[PDB]
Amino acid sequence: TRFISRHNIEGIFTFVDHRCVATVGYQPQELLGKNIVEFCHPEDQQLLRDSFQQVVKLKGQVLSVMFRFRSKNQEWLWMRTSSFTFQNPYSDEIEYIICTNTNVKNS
């Protein structure tokens, strides 16, 4: 029902768990290096970009976003992505975004 992904602050998939095949049809190697906004419905792209910008300012708090993701089977799936930044406190490396992506009902 869900998969984990890791993104850079720009939205690029840098890690994708294999449960993505059952959820959105794509293999992890088909998502890696691509931006999440490239799979997002044009009406939801600005909301998804604003949410990635804001999750960085919320100190590890979860930020959820609902948007339509274009699956490999050519359907717009409603996805609920719960994201939070992670920054290893022993370092000053740029934070990355951790996401849990679930196909949910818009009802």
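For every residue, the number given is its place in the sequence shown, counted from 1.
Per-stretch averaging of Cα B factors for 67-75 and 45-53 places 67-75 on top.
Checked against the record, the higher mean CA B factor of 36-44 and 22-30 lies with 22-30.
Among the modelled residues of its chain, residue 91 has a C-alpha B-factor that falls in the middle third according to the deposited record. When the modelled residues of the chain are ordered by C-alpha B-factor, residue 61 sits in the highest third.
In the PDB entry, a CA B factor belonging to the highest third of its chain's modelled residues is recorded for residue 9. When the CA B factors of the chain's modelled residues are split into thirds, the value for residue 100 lands in the lowest one.
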